[PDB]
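Visitor: I would like the atomic coordinates for the input below:
(4 chains)
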Amino acid sequence: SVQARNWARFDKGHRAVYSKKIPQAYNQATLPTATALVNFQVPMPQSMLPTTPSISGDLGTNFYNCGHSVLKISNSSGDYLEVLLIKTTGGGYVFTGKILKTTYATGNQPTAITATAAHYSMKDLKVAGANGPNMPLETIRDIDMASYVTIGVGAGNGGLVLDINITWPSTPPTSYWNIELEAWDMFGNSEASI
Amino acid sequence: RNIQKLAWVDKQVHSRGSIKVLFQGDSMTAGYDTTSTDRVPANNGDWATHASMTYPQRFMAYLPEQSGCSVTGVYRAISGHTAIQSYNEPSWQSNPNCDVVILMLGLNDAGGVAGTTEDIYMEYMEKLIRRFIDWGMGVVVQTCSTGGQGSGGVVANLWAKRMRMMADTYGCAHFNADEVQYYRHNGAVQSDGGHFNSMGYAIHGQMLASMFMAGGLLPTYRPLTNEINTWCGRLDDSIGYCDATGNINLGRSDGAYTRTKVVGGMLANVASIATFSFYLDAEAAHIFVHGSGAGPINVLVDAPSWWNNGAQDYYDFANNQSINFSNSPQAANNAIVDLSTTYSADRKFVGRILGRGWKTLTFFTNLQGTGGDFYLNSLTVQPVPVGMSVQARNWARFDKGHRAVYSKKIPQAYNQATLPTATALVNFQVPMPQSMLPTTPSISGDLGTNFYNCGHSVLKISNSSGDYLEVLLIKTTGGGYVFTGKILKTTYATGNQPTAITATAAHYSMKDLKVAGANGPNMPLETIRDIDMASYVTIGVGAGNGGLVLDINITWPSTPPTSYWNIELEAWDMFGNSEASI
Amino acid sequence: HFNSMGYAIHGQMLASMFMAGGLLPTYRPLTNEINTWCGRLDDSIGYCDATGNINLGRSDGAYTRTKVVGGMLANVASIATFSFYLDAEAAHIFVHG
Amino acid sequence: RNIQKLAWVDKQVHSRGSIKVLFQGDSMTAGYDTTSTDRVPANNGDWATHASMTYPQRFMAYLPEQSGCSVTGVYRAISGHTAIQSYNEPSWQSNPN
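Guide: Residues are numbered from 1 along each chain as shown, chains lettered A, B, ... in the order given. Let me share the structure:
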């Protein structure tokens, strides 16, 4: 149990891991083509959120009000990439991704890994009255996984996400990627909560 | 009398019997729909146009399908009717000769229809309950099922809650009808502000039948709160098992992958339906199965999977969803059991069920009788956080899970009265983690060839000498079941680093702790079996029913170092997952 | 015997049982995570609109799929209370507000 | 009758109604406090000094605040009293309504 987040005490939590496979391994009747990992959106973890932004300030300026998350990337080629997503600069909502451990050579290591805090936009699955008079009665809405807006640029009600941008020195390697975002979280926390 | 009749009805539901059901209520019971074009002309004694499927109609088509209990219904529902009107209806003064009455009134009573007050509503609902009991019918009282997910019918539902508590005096079973659309899209299930469409009424009837099969009629029923491993024929106060077709083989065999040895089986070339019904007391639950067989096994978990006339496109969006939009896209029903003979002994991740309410898990083979066999050895329903719920493994979405760690000490530190000797770590067997399993091997291929169908696990090894070894266990080659162990971080020197670390996927063999009749005639009655931790067979070489394991082989360049090792296998897993499930 | 604070605690817990629906025989203590909103009716969490001005209106501006925006209007004193029996030693409280 | 009245009371609690509450019991119900200085002189038909806030007093100040249901209470609590004494109390033989 956490009394106050990022308070004067050590908050005992677990290691919440956000796992995704690029390309997906579910129901692939044929072998998917190897893809380049240059951009993906992972939900913003709890440790990265500001504590009392109205009082202690937001991550835009007070870049200490956030914590860190570890981005562990591995591919079917055996290449591993451990990235420390931490905010070193203010003035924006960009987390500096420092590579901790990588099996890539220095000329093959990604040049810059950027984690940008953002909110998903909301989209209408079925606008009210789309099928006819009062069908549906109300608009059926969903989060737009393709539309996300950087914090400060605009407001989105789809949830806090990280726009992870991986910049490669040469053409991006293509493989079957395993993406894990490791960060501290409250035990069994469903959503990162400010 | 009401309790005895409800007990008889429950036994009929769980014994493939027959029940005559009285559907008494207002427009919501009648299936009122005057807004959409998915209507049928006024029937069943009502004046108002009805949706193409009403809740009683779906109940009568659904309960026999999922439980085998034949259901015949009598309609006593008129749109706009109140408790006072229902009690004094000239055509409803006769006994309909039913077994159970499902009574839902109060939406019109709260509106003051027929001069109805709260006291009048209470008195006449009590009178209706007494009259129904006097007619030999068990009474199931419903709260006012309305639209808006709590935004409407507030007074009606307050009166309904008071009526439900009053009906507790008469031992009446209850169905919280107001929460049947709580985790759904309102637009997908409503025709107007307070009335459902065909799909909404279908959902209501299906949840009512789910309460019937779950044992919710019984006063000893308890909603499912924690992970449960249930099998065919298991009797619990939380999960109600129904053999709808009456042909599920509750035979005991050592070929089962469970310790209960119940092999509950759907024979080939016959249509078998096994359904598990329960109230999920959580926002989500992961569904796991220990099942094997050759012919297609079909699992239906949520509403649009059982009935959908396709009258509206949006009827498909009427499955249970997460309440919050944040990082939770529209949920589609995905309940698949992968019948790969490679992983037949292994647990299969069926999918997730969303929402708090009455759930039915329908396991059925080919309904036309042209399919093969399936053995439903055990079913696991594990309530999970809704953000941790996985719809489909390794799908187009980011699945939020935790970091499951398999920890072992070589040598063990437990009950070591003397200091154990330092041992060399060259070979150990760790259970195969979830991230390393193939996704839909029957469709997307197994790890033997499609070496992408697996994920990676990190093997973190540390010893009492301070030497650390972080190994990425990942499959880089096909043609076998060998995972290439790439050393990520090690405190060893380059000449001291292990030359090759190999993780081989394998199954434990099963061994007999006590063969049947070992101690004498019929002692023990049955063979007591266990997994053989010393005997494991590589996948493809042979079949083992002891569980998916990794045969970790560490090759050292020189004589293997001897120390006190701490072995941790880090990998992604579903929150609280007990077993890696394909 | 309690002091003033102990008796205050006892009375407050008694009122909590009253508002939670603990008088009802169908009440169940809260055992797992629940996402409840204003106006939601559960056998575990009892919602009370103390001031009677919590807006149970439906709007797409809500951050939940239930669209209940249960709202405390500006310049008016609004009190929304949720009462339940916590069947655990601790619980994390989260709000979408 | 008890179940019907409890249902009515629950609806009043959850509907901003009004309930008249009888607080019957021993020193713990009366709010006995003869040890601390946080006391008030013996009131509510009891002989013993009471704490500055008793459980019934906090209940009557708390339930209307958190649920909107007005609460008026009748005190039938005397310190040191038992069930036999409470049943045969000369002043408690009348209906407190």
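Visitor: what's near enough to touch residue A:78?
Guide: A:103, B:472, B:474, B:476, B:484, B:486 (CB atoms under 8 Å, 6 or more residues apart in numbering or on different chains). Using the backbone N, CA and C atoms, a C-beta is placed for each residue, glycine as well.
Visitor: now these as CSV including secondary structure?
Guide: Compiled in CSV, the contacts of residue A:78 are given as follows (DSSP: H, G, I helix; E, B strand; the rest coil):
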residue, secondary structure
A:103, coil
B:472, strand
B:474, strand
B:476, coil
B:484, strand
B:486, strand
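Visitor: Residue A:139: how many residues sit nearby?
Guide: Using other CB atoms under 10 Å in any protein chain shown, residue A:139 is surrounded by 18 other residues.
Visitor: what's the neighbour count on the closest residue to it other than its chain neighbours?
Guide: What sits nearest to residue A:139 in space, not counting adjacent residues and going by CB to CB, 6 or more residues apart in numbering or on different chains, is residue A:128, at 4.5 Å. Residues lying near residue A:128 (other CB under 10 Å) number 16.
Visitor: The residue in chain A positioned nearest to chain C - nearest residue in space that isn't next to it in sequence?
Guide: Nearest to chain C in chain A, going by CB to the nearest CB, is residue A:1, at a distance of 3.6 Å. In space, and not counting its chain neighbours, residue A:1 is closest to residue C:90: 3.6 Å by CB to CB, 6+ apart.
Visitor: gap between residue A:76 and chain D?
Guide: 58 Å (CB to the nearest CB, to the nearest Å).
Visitor: Same question for residue A:64.
Guide: In this structure, residue A:64 lies at 38 Å from chain D, with CB to the nearest CB as the measure.
Visitor: Distance-wise, check that residue relative to chain B.
Guide: For residue A:64, the distance to chain B - CB to the nearest CB - is 25 Å.
Visitor: burial of that residue, as a residue count?
Guide: Neighbour count of residue A:64, defined by other CB under 10 Å: 14.
Visitor: partners of residue A:21 in the sheet?
Guide: Counting by DSSP bridges, residue A:21 forms beta bridges with residue A:178.
Visitor: contacting residues for it?
Guide: Contacts of residue A:21 (CB under 8 Å, 6+ apart): A:176, A:177, A:178, A:179, B:394, B:455.
Visitor: Residue A:75 contacts residue A:172, correct?
Guide: No. With contact defined as CB atoms under 8 Å, residue A:75 does not count as touching residue A:172 (11.2 Å).
Visitor: Give me the common contacts of those two.
Guide: Among the neighbours of residue A:75, those also in contact with residue A:172 (CB under 8 Å, 6+ apart) are residue A:37.
Visitor: Those two: which has the busier surroundings?
Guide: residue A:75 (24 against 15).
Visitor: buried stuff in stretch A:159-179?
Guide: Buried residues in stretch A:159-179, counted by 16 or more other CB atoms under 10 Å in any protein chain shown: A:159-166, A:168, A:173, A:175-179.
Visitor: Stretch A:109-129 now?
Guide: Buried residues in stretch A:109-129 (16+ other CB under 10 Å): A:110, A:113-123, A:125-126, A:128.
Visitor: same deal with stretch A:21-35?
Guide: Neighbour count says stretch A:21-35 has A:21, A:22, A:23, A:24, A:25, A:26, A:27, A:28, A:32, A:34 buried, by 16+ other CB under 10 Å.
Visitor: neighbours around residue A:4, how many?
Guide: 10.
Visitor: Identify the farthest-apart pair in the buried residues of stretch A:21-35.
Guide: A:27 and A:34 (18.1 Å; CB to CB).
Visitor: Quick one: residues contacting residue A:66.
Guide: Residue A:66 makes contact with A:47, A:48, A:49, A:50, A:59, A:87, A:95, according to CB under 8 Å, 6+ apart.
Visitor: what's the closest of the residues you listed to chain B?
Guide: So of those, ranked by how close each gets to chain B (CB to the nearest CB), first place is residue A:49, at 12.6 Å.
Visitor: burial measure for the closest one, as a count.
Guide: A count of nearby residues for residue A:49, using other CB under 10 Å, gives 20.
Visitor: Please tell me I have it right and it contacts residue A:186.
Guide: No. Contact criterion CB under 8 Å: residue A:49 and residue A:186 do not qualify, at 11.2 Å.
Visitor: what sits in contact with each of those two?
Guide: Common neighbours of residue A:49 and residue A:186 (CB under 8 Å, 6+ apart) are residue A:193.
Visitor: ok, residue A:59 - contacts?
Guide: A:50, A:53, A:65, A:66, A:87, A:93, A:117, A:151.
Visitor: let's see it at 7 Å
Guide: A:50, A:65, A:66, A:87, A:93, A:117 (CB atoms under 7 Å, 6 or more residues apart in numbering or on different chains).
Visitor: do the same with residue A:186
Guide: Residue A:186 touches A:2, A:13, A:46, C:92, counting by CB under 7 Å, 6+ apart.
Visitor: Now list the buried members of the residues you listed.
Guide: Using 16+ other CB under 10 Å, the buried ones in the contacts of residue A:186 are A:2, A:13, A:46.
Visitor: in the sheet, who's paired with residue A:82?
Guide: Beta bridges link residue A:82 to residue A:72, residue A:101 when assigned by DSSP bridges.
Visitor: doesn't residue A:72 make contact with it?
Guide: Yes. Judged on CB atoms under 7 Å, residue A:82 makes contact with residue A:72 at a distance of 5.4 Å.
Visitor: pretty sure residue A:113 is touching residue A:84, no?
Guide: No. If you go by CB under 7 Å, residue A:113 and residue A:84 don't touch, sitting 9.4 Å apart.
Visitor: Can you check which residues contact both of the two?
Guide: Contacts common to residue A:113 and residue A:84, judged by CB under 7 Å, 6+ apart, are residue A:97.
Visitor: In chain A, what residue lies closest to chain B?
Guide: For chain A, CB to the nearest CB, closest residue to chain B: residue A:136, 2.6 Å.
Visitor: quick one: contacts for that residue?
Guide: A:126, A:128, B:187, B:188, B:314.
Visitor: switch to 6 Å and redo it
Guide: A:126, A:128, B:187, B:314 (CB atoms under 6 Å, 6 or more residues apart in numbering or on different chains).
Visitor: Which two among those are spaced furthest apart?
Guide: Farthest pair in these, by CB to CB: A:128 and B:314, 10.4 Å.
Visitor: isn't residue A:19 right up against residue A:179?
Guide: No. In this structure residue A:19 lies outside contact range of residue A:179 using CB atoms under 6 Å: 7.0 Å.
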